[PDB]
There are 2 protein chains.
Amino acid sequence: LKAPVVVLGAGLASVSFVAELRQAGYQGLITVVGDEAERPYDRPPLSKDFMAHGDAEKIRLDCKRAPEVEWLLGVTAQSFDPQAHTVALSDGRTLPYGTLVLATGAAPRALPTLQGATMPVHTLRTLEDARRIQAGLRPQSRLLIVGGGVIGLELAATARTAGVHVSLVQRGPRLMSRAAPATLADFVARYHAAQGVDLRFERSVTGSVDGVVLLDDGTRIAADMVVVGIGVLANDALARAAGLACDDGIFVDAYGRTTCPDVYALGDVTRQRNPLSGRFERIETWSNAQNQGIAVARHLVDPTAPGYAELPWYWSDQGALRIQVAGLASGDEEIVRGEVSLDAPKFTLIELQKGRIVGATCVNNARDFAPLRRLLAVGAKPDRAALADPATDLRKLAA
Amino acid sequence: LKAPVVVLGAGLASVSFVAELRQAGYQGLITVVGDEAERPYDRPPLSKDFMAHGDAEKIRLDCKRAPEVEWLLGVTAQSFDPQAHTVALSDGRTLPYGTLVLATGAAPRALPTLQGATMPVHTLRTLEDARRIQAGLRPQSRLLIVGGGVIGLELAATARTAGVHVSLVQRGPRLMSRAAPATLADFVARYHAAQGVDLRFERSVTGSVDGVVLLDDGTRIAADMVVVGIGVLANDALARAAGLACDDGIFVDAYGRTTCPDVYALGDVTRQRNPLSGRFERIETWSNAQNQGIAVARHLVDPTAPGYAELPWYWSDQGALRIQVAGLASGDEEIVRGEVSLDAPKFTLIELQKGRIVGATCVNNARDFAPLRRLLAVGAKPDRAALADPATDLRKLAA
Ligand SMILES: Cc1cc2nc3c(=O)[nH]c(=O)nc-3n(C[C@H](O)[C@H](O)[C@H](O)COP(=O)(O)OP(=O)(O)OC[C@H]3O[C@@H](n4cnc5c(N)ncnc54)[C@H](O)[C@@H]3O)c2cc1C
Ligand SMILES: Cc1cc2nc3c(=O)[nH]c(=O)nc-3n(C[C@H](O)[C@H](O)[C@H](O)COP(=O)(O)OP(=O)(O)OC[C@H]3O[C@@H](n4cnc5c(N)ncnc54)[C@H](O)[C@@H]3O)c2cc1C
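For every chain, the first residue of the written sequence is numbered 1 and the count continues from 1 onward along that sequence, whatever numbering the entry uses; residues with no coordinates are hidden. The lettering of chains begins at A and the numbering of ligands begins at 1, in the order of writing. Computation of side-chain values: all heavy atoms of the structure, hydrogens and water removed. Residues with missing side-chain atoms are left out of burial classes, side-chain pairs and their counts.

Per the PDB entry, chain A is named Biphenyl dioxygenase ferredoxin reductase subunit, and its organism is Acidovorax.

A. Structural context of the overall build of chain A. The helix and strand inventory of chain A stands at 10 helices and 26 strands. With the C-alpha coordinates of chain A rotated into their principal frame, the extents come out at 60 × 60 × 35 Å. Sequence-distant contacts, at least 24 apart, represent 60% of the contacts inside chain A between residues at least 6 apart. The helix count covers DSSP runs of H or I at least four residues long, the strand count covers runs of E at least two residues long, and both are numbered beginning at the N terminus. Contacts between residues were defined by any pair of non-hydrogen atoms, one from each residue, lying within 4.5 Å.

B. Just the environment of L349 of chain A, in detail. Residues and elements named next belong to chain A. Locating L349 in the fold gives a position in strand 25 (residues 346-353). Using a 1.4 Å probe on the protein chains alone, a residue whose accessible area is under 20% of its type maximum counts as buried, one over 50% counts as exposed, and one in between counts as partly exposed. Assessed through its relative accessible area of 0%, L349 is described here as buried. For the pair formed by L349 and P181, sequence separation is 168 residues and the distance between their alpha carbons is 8.5 Å. Once residues lying within four places of it in the same chain are set aside, the contact partners of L349 are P181, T183, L184, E334, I335, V336, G359, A360 and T361.

C. Representation of the sheet that holds strand 10 (residues 142-146) of chain A in the model. Residue and element names in this part refer to chain A. Here, strands pair whenever DSSP counts at least two bridges between them. Read from one edge to the other, the open sheet built from 5 strands follows the order 9-16-10-11-12, with strand pairing classed as parallel. One side of each edge strand has no neighbouring strand; the edge strands of this open sheet are strand 9 (121-122) and strand 12 (197-200). Sheet topology places strand 10 next to strand 16 (residues 225-228); 4 bridges connect them, and they run parallel. Along strand 16, the bridge assignment pairs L144 with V226. The axes used here are C-alpha line fits, helices contributing only the stretch in contact, and every angle between their N-to-C directions lies in the interval 0 to 180 degrees. Contacts between helix 4 (residues 150-162) and the sheet are confined to strand 10, strand 11 (165-169), strand 12 and strand 16, with strand 11 contributing the most and set at about 165 degrees to the helix.

D. A look at the relation of the copies chain A and chain B. By a simple turn and slide, chain A fits onto chain B: the slide is 0.0 Å along the axis, the RMSD is 0.0 Å, and the turn is 180 degrees. Expressed as a symmetry operation, the mapping of one chain copy onto the other fits a two-fold axis. Using C-alpha coordinates, one finds that chain A approaches the rotation axis most closely at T259 of chain A, a distance of 2.1 Å. Most of the interface of chain A is mirrored in chain B, where 100% of its interface residues are also at the interface. We superpose the copies by least squares, fitting on C-alpha atoms.

E. The domain arrangement of chain A, seen in detail. Residues and elements named next belong to chain A. Reported domain spans reflect what an automatic or database domain assignment gives. According to the domain assignment, chain A consists of domain 1 (1-105 + 234-312), domain 2 (109-231) and domain 3 (313-399). The distance between the C-alpha centroids of domain 1 and domain 2 comes to 30 Å. Facing 15 residues of domain 1, the contacting portion of domain 2 comprises 11 residues.

F. Just the sheet that holds strand 14 (residues 212-215) of chain B, in detail. All names here are of chain B. Here we have 3 strands laid out as an open sheet, ordered 13-14-15, and antiparallel in their pairing. Each having just a single partner strand, strand 13 (205-208) and strand 15 (220-222) make up the two edges of the open sheet. Going from strand to strand, the sheet's axes swing by 30 degrees on average, the running direction of each strand aside. Two strands pair when backbone bridges link them, and strand 13 and strand 14 are joined in this way by 3 bridges, in the antiparallel orientation. Note that in strand 14 the partner of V205 across the bridge is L215.

G. Fine view of the site of ligand 2. All names here are of chain B. Being near a molecule or strand, for a residue, means having at least one of its heavy atoms within 4 Å of it. Neighbouring residues of ligand 2: 32 residues in total, closest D35, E36, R43, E154 and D268. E36 is positioned with one of its side-chain polar atoms (N or O) 2.7 Å from an oxygen atom of ligand 2. Definition of a polar contact: a pair of N or O atoms within 3.5 Å, with one able to donate and the other able to accept a hydrogen when the atoms are protein atoms, and with sequence-neighbouring residues admitted only if both atoms are side-chain atoms. A distance of 3.1 Å separates an oxygen atom of ligand 2 from a polar atom in the backbone of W286. Here ligand 2, which alone exposes 1,000 Å², has 93% of that area covered by the protein. Breaking the shell around ligand 2 down by element, the ones donating at least two residues are helix 1 (12-24), strand 2 (30-34), helix 4 (150-162), helix 7 (286-301) and strand 22 (313-318). With 3 residues, the top contributor of residues to the shell around ligand 2 is strand 22. Residues of the shell around ligand 2, tallied by class, amount to 16 nonpolar, 9 polar and 7 charged. The Shrake-Rupley method, run with a 1.4 Å probe sphere, supplies the accessible areas, and residue values consider only the shown protein chains as cover. Under this grouping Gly is polar, as are all residues other than the nonpolar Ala, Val, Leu, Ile, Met, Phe, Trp, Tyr, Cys and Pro and the charged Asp, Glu, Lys and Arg.

And the structure:
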């Protein structure tokens with residue numbers, strides 16, 4: 001850890017990082033460069049409570065645990081010179097660094113077919129996005145969402161609840177293709193359909209003409225607004241130009257090291273090792289953003305601390321469903337605790353691979369999720385009849 | 001570049017590297033650690049001329065351009081301590097380093113279903129492999145090859161030429177799945193079939209019983225020997241334990257930097273950026289091994305030198321076919337120069353993507369290959385009618 005410390009990006013990863021630095025004992029300079037002119041804020045309300053109530057001061061990140069940090073807000077880092085150890089800012093200034101940390105997150109993928117569209121076409125990543133979307137969402141408006149991921153589905157539920165007609169187009173055969181078990185996805189589809197979401201599977205957007213959307217089946221949807229949610233791309237441009245190893249994401253080891261000396265990276269912008277699959281992936285979860293930021297910071301202050309080791313997990317609030325997914329989506333067996341019914345949805349999925357717990361889903365069942373993550377974390381091999389038996393208490397099982 | 005320099009591995013990548021270091025001006029210590037007790041040798045003859053003539057002194061690498069290098073042959077590097085800057089050897093010694101270079105290549109993938117087989121089951125990576133295979137290959141023996149890659153096919157051609165009956169099992173629908181254009185693969189299949197190779201597509205090996213092989217269709221093949229050629233895995237174990245970023249291959253930037261300070265990597269062991277596809281891949285070609293070793297060495301001696309920039313390419317001698325493949329296997333158009341016939345095979349493929357040359361195949365046509373690689377290297381967009389016209393001279397076109 002060489003002073004001063006410069007962090008590029010001011011999302012949850014960056015805030016968690018600089019906070020931990022200060023908690024761990026680092027008392028030298030920290031400068032954070034954030035391109036949004038916004039007091040650092042959390043993103044998940046943007047599809048739920050913020051979209052509904054509109055209060056941005058309810059979603060700001062607590063910077064309290066990060067004292068003596070200069071936050072250059074509304075400034076874009078344009079390049080860095082890894083030899084000179086400087087960063088070049090959009091306002092003409094230059095920042096020196098001993099240690100440069102890239103926490104630049106990711107930006108929504110654009111839809112090429114709507115590239116020159118004549119109707120409102122938004123993505124949903126920022127406070128600015130949310131406000132703009134929120135403002136074309138009168139009740140009884142007609143909203144099209146492209147993409148069946150968690151963002152689209154969260155928005156869908158939040159919009160239906162308002163009284164918006166929602167139609168969702170998904171090019172695959174199922175929702176939540178990224179890290180959701182099939183069972184969960186079938187159910188999730190079934191829930192939103194029962195809420196009045198018009199689902200289109202196996203469909204692609206081919207273009208648009210005057211407030212109407214064209215699909216690859218020759219059909220048509222008329223929309224008052226279109227929200228695209230087909231995934232994100234890492235903001236790694238700076239890394240690519242300075243010569244770091246990248247492929248839609250900056251490669252880092254478990255200490256957050258890039259291939260460039262004195263340059264680290266964390267959060268959504270990173271491709272890292274998934275300890276379960278063994279493969280490198282861009283883990284774009286909230287918990288990763290925070291937990292990886294902390295791990296990397298902790299190891300910079302105390303090199304004897306371990307590298308980042310957390311198994312991946314996330315939640316997703318979609319209307320009445322509080323969904324929690326941990327680990328892998330499938331193994332060689334799935335055990336279902338409880339019943340899968342739209343009538344009072346509450347159930348638990350456990351995914352097993354040669355007897356070891358490798359994944360878990362809790363829908364409306366937080367009580368079960370935490371002990372499953374503990375059992376998942378130490379690759380436990382419990383009796384499957386006990387795992388299936390409703391009488392079993394999972395919290396107890398975990399000791 | 002900090003002295004002394006320790007290189008792990010003694011294949012073509014390592015030799016090319018240490019040679020360039022010395023040519024570029026580095027005159028400090030170089031120690032190479034090679035686990036095979038063999039004077040450094042080139043691998044491609046192992047499936048062609050060596051397999052036929054048996055002369056290992058015809059395939060040694062010229063170490064002449066690498067003076068004053070100590071080659072610890074027959075020694076395995078067991079671990080390295082990246083903090084202490086030491087390497088631990090299988091013979092009890094410890095090597096200090098300023099600069100550690102991992103050039104440990106890759107090892108053949110094993111076939112789980114033959115894991116406990118009772119008949120000769122070999123892979124073909126080493127001099128030792130070749131000799132052992134060579135010695136169970138009487139004319140009119142029956143050989144099974146699993147895998148339709150270049151190694152299997154090279155062996156197949158070399159064996160048929162001897163008078164061996166060859167049967168080849170491929171789990172995919174085509175040969176040469178890795179970086180071969182479809183057209184080439186259809187033809188290559190067609191050639192070997194006409195040479196008496198019994199091709200089995202869509203088939204898997206399920207197990208074995210007493211000198212007979214079991215496929216997923218319930219059928220059976222009797223073999224006097226089985227040579228498995230279903231790909232390789234990077235030898236990156238040392239890197240995984242020392243904390244470098246790996247996923248079947250060590251991630252390196254274009255200077256060969258890993259995520260660990262003072263530790264570089266090159267050749268088959270690396271996942272690197274493919275300048276055409278933009279993606280990271282394990283490029284396991286001969287030319288990469290040599291050219292990347294040189295680039296990395298050159299940049300260590302002179303940091304003003306550029307990073308490694310070569311577009312990928314390879315050749316493959318399969319009996320009567322001298323095949324040369326450069327770039328990507330497909331674009332939005334394929335142009336065929338000449339005719340595709342088993343009767344005197346000679347043709348050229350050019351792959352185009354939005355007008356730019358992105359790939360080329362020459363079968364028995366070396367004259368055309370070099371200028372295609374030049375045109376490929378600068379993403380040229382030539383008239384397609386001129387590219388198709390047999391009258392056109394490609395060498396001329398390249399200026
Ligand atoms: C609508 C929405 C809903 C979500 N809901 C969930 C959920 O249900 N569950 C869940 O697990 N996660 C969800 N996420 C939350 C999420 O995962 C976190 O927002 C994310 O992981 C944050 O990681 P980050 O800080 O690394 O990236 P970011 O939050 O994107 O931070 C990066 C910041 O750096 C900025 N930046 C980029 N380049 C530069 C530059 N050159 N100079 C200066 N600044 C730059 C970016 O503009 C950005 O503001 C949701 C996200 C969204 C958008
Ligand atoms: C049969 C065959 C045919 C081929 N034909 C072609 C062809 O037609 N065209 C083509 O483009 N390429 C072909 N190749 C050649 C090829 O691509 C090169 O052999 C390869 O790219 C060499 O790269 P390398 O030096 O990085 O790996 P390697 O040659 O595998 O060098 C690595 C060496 O380091 C050793 N090592 C590993 N770990 C340790 C350790 N811990 N300590 C000490 N030593 C260690 C390995 O045992 C190995 O000897 C062929 C290869 C084979 C085997």
